$ cat data09.pdb   # PDB, C-alpha atoms and all ligand atoms
MODEL        1
ATOM      1  CA  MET A   1      -0.357 -18.084 -16.792  1.00  0.00           C
ATOM      2  CA  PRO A   2      -0.363 -19.090 -13.085  1.00  0.00           C
ATOM      3  CA  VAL A   3      -2.217 -22.077 -11.649  1.00  0.00           C
ATOM      4  CA  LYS A   4      -1.529 -20.984  -8.077  1.00  0.00           C
ATOM      5  CA  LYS A   5      -4.498 -19.433  -6.283  1.00  0.00           C
ATOM      6  CA  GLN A   6      -4.677 -16.284  -4.149  1.00  0.00           C
ATOM      7  CA  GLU A   7      -1.242 -14.884  -5.037  1.00  0.00           C
ATOM      8  CA  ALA A   8      -1.170 -11.521  -3.282  1.00  0.00           C
ATOM      9  CA  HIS A   9       1.011  -9.786  -5.864  1.00  0.00           C
ATOM     10  CA  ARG A  10      -1.642 -10.579  -8.478  1.00  0.00           C
ATOM     11  CA  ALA A  11      -4.596  -9.319  -6.421  1.00  0.00           C
ATOM     12  CA  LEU A  12      -5.109  -6.115  -8.399  1.00  0.00           C
ATOM     13  CA  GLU A  13      -4.395  -7.894 -11.706  1.00  0.00           C
ATOM     14  CA  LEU A  14      -7.293 -10.262 -11.029  1.00  0.00           C
ATOM     15  CA  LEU A  15      -9.621  -7.393 -10.112  1.00  0.00           C
ATOM     16  CA  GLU A  16      -8.654  -5.825 -13.463  1.00  0.00           C
ATOM     17  CA  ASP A  17      -9.314  -9.046 -15.362  1.00  0.00           C
ATOM     18  CA  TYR A  18     -12.732  -9.301 -13.654  1.00  0.00           C
ATOM     19  CA  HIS A  19     -13.588  -5.729 -14.717  1.00  0.00           C
ATOM     20  CA  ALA A  20     -12.565  -6.529 -18.303  1.00  0.00           C
ATOM     21  CA  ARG A  21     -15.168  -9.306 -18.485  1.00  0.00           C
ATOM     22  CA  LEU A  22     -18.126  -7.170 -17.343  1.00  0.00           C
ATOM     23  CA  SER A  23     -19.559  -6.442 -20.803  1.00  0.00           C
ATOM     24  CA  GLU A  24     -23.272  -7.175 -20.314  1.00  0.00           C
ATOM     25  CA  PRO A  25     -25.559  -4.150 -19.786  1.00  0.00           C
ATOM     26  CA  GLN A  26     -26.790  -5.553 -16.458  1.00  0.00           C
ATOM     27  CA  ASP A  27     -23.177  -5.843 -15.269  1.00  0.00           C
ATOM     28  CA  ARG A  28     -22.308  -2.236 -16.019  1.00  0.00           C
ATOM     29  CA  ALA A  29     -23.234  -0.737 -12.646  1.00  0.00           C
ATOM     30  CA  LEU A  30     -20.889  -3.248 -11.007  1.00  0.00           C
ATOM     31  CA  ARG A  31     -18.170  -2.432 -13.541  1.00  0.00           C
ATOM     32  CA  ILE A  32     -18.360   1.294 -12.703  1.00  0.00           C
ATOM     33  CA  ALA A  33     -18.270   0.498  -8.990  1.00  0.00           C
ATOM     34  CA  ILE A  34     -15.134  -1.624  -9.537  1.00  0.00           C
ATOM     35  CA  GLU A  35     -13.510   1.246 -11.482  1.00  0.00           C
ATOM     36  CA  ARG A  36     -13.939   3.376  -8.367  1.00  0.00           C
ATOM     37  CA  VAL A  37     -12.367   0.715  -6.093  1.00  0.00           C
ATOM     38  CA  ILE A  38      -9.428   0.468  -8.509  1.00  0.00           C
ATOM     39  CA  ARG A  39      -8.911   4.247  -8.569  1.00  0.00           C
ATOM     40  CA  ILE A  40      -9.088   4.514  -4.780  1.00  0.00           C
ATOM     41  CA  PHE A  41      -6.713   1.552  -4.362  1.00  0.00           C
ATOM     42  CA  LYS A  42      -4.156   3.039  -6.783  1.00  0.00           C
ATOM     43  CA  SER A  43      -4.263   6.289  -4.815  1.00  0.00           C
ATOM     44  CA  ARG A  44      -3.527   4.352  -1.623  1.00  0.00           C
ATOM     45  CA  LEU A  45      -0.498   2.722  -3.289  1.00  0.00           C
ATOM     46  CA  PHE A  46       0.767   6.066  -4.621  1.00  0.00           C
ATOM     47  CA  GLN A  47       0.528   7.713  -1.206  1.00  0.00           C
ATOM     48  CA  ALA A  48       2.424   4.825   0.403  1.00  0.00           C
ATOM     49  CA  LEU A  49       5.202   5.159  -2.167  1.00  0.00           C
ATOM     50  CA  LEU A  50       5.300   8.899  -1.474  1.00  0.00           C
ATOM     51  CA  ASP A  51       5.760   8.068   2.226  1.00  0.00           C
ATOM     52  CA  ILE A  52       9.006   6.376   1.214  1.00  0.00           C
ATOM     53  CA  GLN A  53      10.080   9.170  -1.101  1.00  0.00           C
ATOM     54  CA  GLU A  54       9.421  11.690   1.703  1.00  0.00           C
ATOM     55  CA  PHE A  55      11.469   9.659   4.208  1.00  0.00           C
ATOM     56  CA  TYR A  56      14.253   9.140   1.674  1.00  0.00           C
ATOM     57  CA  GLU A  57      14.581  12.844   0.779  1.00  0.00           C
ATOM     58  CA  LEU A  58      14.099  14.345   4.244  1.00  0.00           C
ATOM     59  CA  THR A  59      16.262  11.777   6.083  1.00  0.00           C
ATOM     60  CA  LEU A  60      18.686   9.745   3.965  1.00  0.00           C
ATOM     61  CA  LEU A  61      19.429  12.259   1.189  1.00  0.00           C
ATOM     62  CA  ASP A  62      20.334  15.067   3.559  1.00  0.00           C
ATOM     63  CA  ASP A  63      24.166  15.308   3.791  1.00  0.00           C
ATOM     64  CA  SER A  64      23.656  17.657   6.751  1.00  0.00           C
ATOM     65  CA  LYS A  65      22.401  14.823   8.979  1.00  0.00           C
ATOM     66  CA  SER A  66      24.636  12.556  11.072  1.00  0.00           C
ATOM     67  CA  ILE A  67      24.444   8.752  10.776  1.00  0.00           C
ATOM     68  CA  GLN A  68      23.172   8.426  14.339  1.00  0.00           C
ATOM     69  CA  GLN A  69      20.514  11.021  13.498  1.00  0.00           C
ATOM     70  CA  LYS A  70      19.491   9.153  10.335  1.00  0.00           C
ATOM     71  CA  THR A  71      19.372   5.822  12.182  1.00  0.00           C
ATOM     72  CA  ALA A  72      17.122   7.356  14.829  1.00  0.00           C
ATOM     73  CA  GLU A  73      14.784   8.788  12.184  1.00  0.00           C
ATOM     74  CA  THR A  74      14.756   5.492  10.262  1.00  0.00           C
ATOM     75  CA  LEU A  75      13.906   3.401  13.325  1.00  0.00           C
ATOM     76  CA  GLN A  76      11.123   5.863  14.194  1.00  0.00           C
ATOM     77  CA  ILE A  77       9.419   5.781  10.811  1.00  0.00           C
ATOM     78  CA  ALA A  78       9.475   1.989  10.704  1.00  0.00           C
ATOM     79  CA  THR A  79       7.897   1.876  14.162  1.00  0.00           C
ATOM     80  CA  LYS A  80       5.209   4.308  13.018  1.00  0.00           C
ATOM     81  CA  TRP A  81       4.351   2.284   9.891  1.00  0.00           C
ATOM     82  CA  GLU A  82       4.405  -0.826  12.068  1.00  0.00           C
ATOM     83  CA  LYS A  83       1.764   0.596  14.405  1.00  0.00           C
ATOM     84  CA  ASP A  84      -0.574   1.788  11.634  1.00  0.00           C
ATOM     85  CA  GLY A  85      -3.155  -0.999  12.044  1.00  0.00           C
ATOM     86  CA  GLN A  86      -3.584  -0.111  15.711  1.00  0.00           C
ATOM     87  CA  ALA A  87      -3.486   3.627  15.074  1.00  0.00           C
ATOM     88  CA  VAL A  88      -6.369   5.954  15.895  1.00  0.00           C
ATOM     89  CA  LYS A  89      -7.001   7.711  12.591  1.00  0.00           C
ATOM     90  CA  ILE A  90      -9.806  10.233  12.231  1.00  0.00           C
ATOM     91  CA  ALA A  91     -11.546  10.795   8.891  1.00  0.00           C
ATOM     92  CA  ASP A  92     -12.543  14.373   7.970  1.00  0.00           C
ATOM     93  CA  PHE A  93     -10.840  15.832  11.040  1.00  0.00           C
ATOM     94  CA  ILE A  94      -9.708  19.414  11.882  1.00  0.00           C
TER      95      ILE A  94
ATOM     96  CA  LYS B   5      14.987   9.785 -12.652  1.00  0.00           C
ATOM     97  CA  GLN B   6      13.061   9.587  -9.378  1.00  0.00           C
ATOM     98  CA  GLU B   7       9.439   8.643 -10.038  1.00  0.00           C
ATOM     99  CA  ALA B   8       7.577   7.610  -6.897  1.00  0.00           C
ATOM    100  CA  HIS B   9       6.891   4.232  -8.494  1.00  0.00           C
ATOM    101  CA  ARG B  10      10.614   3.573  -8.000  1.00  0.00           C
ATOM    102  CA  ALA B  11      10.617   4.745  -4.358  1.00  0.00           C
ATOM    103  CA  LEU B  12      11.341   1.289  -2.957  1.00  0.00           C
ATOM    104  CA  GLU B  13      13.973   0.380  -5.584  1.00  0.00           C
ATOM    105  CA  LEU B  14      15.850   3.545  -4.592  1.00  0.00           C
ATOM    106  CA  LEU B  15      15.767   2.729  -0.883  1.00  0.00           C
ATOM    107  CA  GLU B  16      17.060  -0.787  -1.593  1.00  0.00           C
ATOM    108  CA  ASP B  17      19.818   0.720  -3.747  1.00  0.00           C
ATOM    109  CA  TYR B  18      20.862   3.117  -0.952  1.00  0.00           C
ATOM    110  CA  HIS B  19      20.914   0.225   1.532  1.00  0.00           C
ATOM    111  CA  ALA B  20      23.159  -1.678  -0.867  1.00  0.00           C
ATOM    112  CA  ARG B  21      25.681   1.183  -0.693  1.00  0.00           C
ATOM    113  CA  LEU B  22      26.164   1.524   3.077  1.00  0.00           C
ATOM    114  CA  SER B  23      29.400  -0.454   3.370  1.00  0.00           C
ATOM    115  CA  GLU B  24      31.373   1.156   6.214  1.00  0.00           C
ATOM    116  CA  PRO B  25      31.197  -0.594   9.615  1.00  0.00           C
ATOM    117  CA  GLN B  26      30.005   2.666  11.215  1.00  0.00           C
ATOM    118  CA  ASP B  27      27.060   2.736   8.761  1.00  0.00           C
ATOM    119  CA  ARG B  28      25.920  -0.794   9.631  1.00  0.00           C
ATOM    120  CA  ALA B  29      23.350   0.250  12.239  1.00  0.00           C
ATOM    121  CA  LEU B  30      21.675   2.526   9.687  1.00  0.00           C
ATOM    122  CA  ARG B  31      21.827  -0.320   7.170  1.00  0.00           C
ATOM    123  CA  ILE B  32      19.978  -2.689   9.508  1.00  0.00           C
ATOM    124  CA  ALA B  33      17.485   0.071  10.246  1.00  0.00           C
ATOM    125  CA  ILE B  34      16.835   0.527   6.516  1.00  0.00           C
ATOM    126  CA  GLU B  35      16.327  -3.253   6.084  1.00  0.00           C
ATOM    127  CA  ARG B  36      13.649  -2.957   8.741  1.00  0.00           C
ATOM    128  CA  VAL B  37      11.889  -0.106   6.875  1.00  0.00           C
ATOM    129  CA  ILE B  38      11.949  -2.117   3.643  1.00  0.00           C
ATOM    130  CA  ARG B  39      10.441  -5.174   5.372  1.00  0.00           C
ATOM    131  CA  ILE B  40       7.755  -3.109   7.075  1.00  0.00           C
ATOM    132  CA  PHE B  41       6.874  -1.290   3.845  1.00  0.00           C
ATOM    133  CA  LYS B  42       6.576  -4.592   1.935  1.00  0.00           C
ATOM    134  CA  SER B  43       4.322  -5.885   4.727  1.00  0.00           C
ATOM    135  CA  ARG B  44       2.180  -2.744   4.331  1.00  0.00           C
ATOM    136  CA  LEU B  45       1.846  -3.377   0.602  1.00  0.00           C
ATOM    137  CA  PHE B  46       1.155  -7.083   1.122  1.00  0.00           C
ATOM    138  CA  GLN B  47      -1.684  -6.306   3.550  1.00  0.00           C
ATOM    139  CA  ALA B  48      -3.090  -3.752   1.090  1.00  0.00           C
ATOM    140  CA  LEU B  49      -3.115  -6.363  -1.681  1.00  0.00           C
ATOM    141  CA  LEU B  50      -4.821  -8.781   0.736  1.00  0.00           C
ATOM    142  CA  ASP B  51      -7.567  -6.139   1.144  1.00  0.00           C
ATOM    143  CA  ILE B  52      -8.306  -6.497  -2.573  1.00  0.00           C
ATOM    144  CA  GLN B  53      -7.920 -10.270  -2.394  1.00  0.00           C
ATOM    145  CA  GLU B  54     -10.387 -10.615   0.495  1.00  0.00           C
ATOM    146  CA  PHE B  55     -12.931  -8.285  -1.157  1.00  0.00           C
ATOM    147  CA  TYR B  56     -12.556 -10.262  -4.400  1.00  0.00           C
ATOM    148  CA  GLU B  57     -13.145 -13.526  -2.559  1.00  0.00           C
ATOM    149  CA  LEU B  58     -16.006 -12.429  -0.303  1.00  0.00           C
ATOM    150  CA  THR B  59     -17.938 -10.270  -2.763  1.00  0.00           C
ATOM    151  CA  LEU B  60     -17.011 -10.755  -6.396  1.00  0.00           C
ATOM    152  CA  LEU B  61     -16.457 -14.528  -6.478  1.00  0.00           C
ATOM    153  CA  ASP B  62     -19.609 -15.284  -4.510  1.00  0.00           C
ATOM    154  CA  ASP B  63     -22.120 -16.001  -7.244  1.00  0.00           C
ATOM    155  CA  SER B  64     -24.819 -16.569  -4.611  1.00  0.00           C
ATOM    156  CA  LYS B  65     -24.842 -12.753  -4.219  1.00  0.00           C
ATOM    157  CA  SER B  66     -26.903 -10.769  -6.717  1.00  0.00           C
ATOM    158  CA  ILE B  67     -25.282  -8.232  -9.010  1.00  0.00           C
ATOM    159  CA  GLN B  68     -27.101  -5.550  -7.027  1.00  0.00           C
ATOM    160  CA  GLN B  69     -25.614  -6.842  -3.761  1.00  0.00           C
ATOM    161  CA  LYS B  70     -22.101  -7.050  -5.238  1.00  0.00           C
ATOM    162  CA  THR B  71     -22.460  -3.476  -6.459  1.00  0.00           C
ATOM    163  CA  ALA B  72     -23.638  -2.216  -3.064  1.00  0.00           C
ATOM    164  CA  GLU B  73     -20.749  -3.962  -1.283  1.00  0.00           C
ATOM    165  CA  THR B  74     -18.250  -2.621  -3.846  1.00  0.00           C
ATOM    166  CA  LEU B  75     -19.526   0.946  -3.425  1.00  0.00           C
ATOM    167  CA  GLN B  76     -19.432   0.700   0.355  1.00  0.00           C
ATOM    168  CA  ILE B  77     -15.871  -0.684   0.529  1.00  0.00           C
ATOM    169  CA  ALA B  78     -14.561   2.090  -1.722  1.00  0.00           C
ATOM    170  CA  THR B  79     -16.354   4.650   0.461  1.00  0.00           C
ATOM    171  CA  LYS B  80     -14.671   3.200   3.563  1.00  0.00           C
ATOM    172  CA  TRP B  81     -11.273   3.100   1.838  1.00  0.00           C
ATOM    173  CA  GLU B  82     -11.651   6.673   0.566  1.00  0.00           C
ATOM    174  CA  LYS B  83     -12.284   7.851   4.141  1.00  0.00           C
ATOM    175  CA  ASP B  84      -9.325   5.851   5.448  1.00  0.00           C
ATOM    176  CA  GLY B  85      -7.153   7.595   2.852  1.00  0.00           C
ATOM    177  CA  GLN B  86      -7.830  11.100   4.164  1.00  0.00           C
ATOM    178  CA  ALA B  87      -7.897  10.076   7.825  1.00  0.00           C
ATOM    179  CA  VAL B  88      -5.203  11.576  10.039  1.00  0.00           C
ATOM    180  CA  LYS B  89      -3.406   9.690  12.797  1.00  0.00           C
ATOM    181  CA  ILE B  90      -3.763  11.177  16.269  1.00  0.00           C
ATOM    182  CA  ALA B  91      -2.358   8.244  18.322  1.00  0.00           C
ATOM    183  CA  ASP B  92      -1.815   4.482  18.679  1.00  0.00           C
ATOM    184  CA  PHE B  93      -2.541   1.998  21.505  1.00  0.00           C
ATOM    185  CA  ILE B  94      -0.128  -0.729  22.582  1.00  0.00           C
TER     186      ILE B  94
HETATM  187 CL    CL A 101      28.244  11.615  10.786  1.00  0.00          CL
ENDMDL
END

$ encode --input "data09.pdb" --output "structure tokens" --more "lines below"
Ligand SMILES: [Cl-]
Amino acid sequence: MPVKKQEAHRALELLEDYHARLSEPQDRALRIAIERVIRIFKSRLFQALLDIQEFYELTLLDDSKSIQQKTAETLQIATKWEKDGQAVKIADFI
Amino acid sequence: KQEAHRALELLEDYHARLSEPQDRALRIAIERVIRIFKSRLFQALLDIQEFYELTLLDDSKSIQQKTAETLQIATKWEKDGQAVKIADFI
């Protein structure tokens, strides 16, 4: 039962607690909108975790790959994730 | 048992098993990936935190306005989720 404010690891927990309090009929449209945010956010988290699983299986788990090779691939993927906020990313492309 | 929810725990485990001196460069590289991934997650949680602060906690905004802002941020995030990277600028 934390007294500290704006703890990042609790951000989704607090959104959930806010949703759970929206019981009045006039608050229902907001509640349904929040449900959608929550679903979309969870999908984002899942896809990020899959990025790790993909890296882990294709790079680290492969006995066929040399250590120098794996190190190269590992440095690359970190650099890519690092640049993501400055990346040009096109919605509904190709 | 390799659920994606454990993806990070697994990477941290693998890092904790690279003990040979010749593996040390890969180990440091993996530490970097773990740090960068945690940063990614932290910034994602701050997205929720900032939305919560700016929209949901502002009781000067009507329920209608909060709803509109909540719908629009999800729409933006949904697009960002299917967006494909074509480059980055330094
Ligand atoms: Cl080797």

$ closest_atom_pairs --input "data09.pdb" --of "chain B" --to "ligand CL 101 (chain A)" --cutoff "12 Å" --atoms "all atoms listed in the file" --output "tab-separated table"
residue	atom	partner	partner_atom	distance
B:24	CA	A:CL101	CL	11.8
B:26	CA	A:CL101	CL	9.1
B:27	CA	A:CL101	CL	9.2
B:30	CA	A:CL101	CL	11.3

$ residues_around --input "data09.pdb" --residues "residue B:20" --least-positions-apart "4" --cutoff "12 Å" --atoms "only C-alpha atoms" --output "ChimeraX atom specification"
/B:13-16,24,27-28,30-32,34-35

$ resolve_selection --input "data09.pdb" --expression "the PyMOL selection byres ((chain A and not hetatm) within 6 of (chain B))" --output "tab-separated table (two decimals) with C-alpha atoms, in the frame of the given file"
chain	number	residue	atom	x	y	z
A	8	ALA	CA	-1.17	-11.52	-3.28
A	11	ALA	CA	-4.60	-9.32	-6.42
A	30	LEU	CA	-20.89	-3.25	-11.01
A	33	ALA	CA	-18.27	0.50	-8.99
A	37	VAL	CA	-12.37	0.72	-6.09
A	49	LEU	CA	5.20	5.16	-2.17
A	53	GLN	CA	10.08	9.17	-1.10
A	71	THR	CA	19.37	5.82	12.18
A	75	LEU	CA	13.91	3.40	13.32
A	78	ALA	CA	9.48	1.99	10.70
A	86	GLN	CA	-3.58	-0.11	15.71
A	87	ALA	CA	-3.49	3.63	15.07
A	88	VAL	CA	-6.37	5.95	15.90
A	89	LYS	CA	-7.00	7.71	12.59
A	90	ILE	CA	-9.81	10.23	12.23
A	91	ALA	CA	-11.55	10.80	8.89

$ closest_residue --input "data09.pdb" --among "B:5, B:22, B:65, B:42" --to "residue A:81" --atoms "all atoms listed in the file"
B:42

$ atom_distance --input "data09.pdb" --atom1 "atom CA of residue A:17" --atom2 "atom CA of residue B:59"
15.3 Å

$ closest_residue --input "data09.pdb" --among "A:22, A:59, A:12, A:70" --to "residue A:42" --atoms "only C-alpha atoms"
A:12

$ axis_aligned_box --input "data09.pdb" --around "stretch 19-26 of chain B" --padding-each-side "3 Å" --output "AutoDock Vina command-line options"
--center_x 26.1 --center_y 0.5 --center_z 5.2 --size_x 16.5 --size_y 10.3 --size_z 18.1

$ atom_distance --input "data09.pdb" --atom1 "atom CA of residue A:51" --atom2 "atom CA of residue A:35"
24.6 Å

$ atom_distance --input "data09.pdb" --atom1 "atom CA of residue A:57" --atom2 "atom CA of residue B:19"
14.1 Å
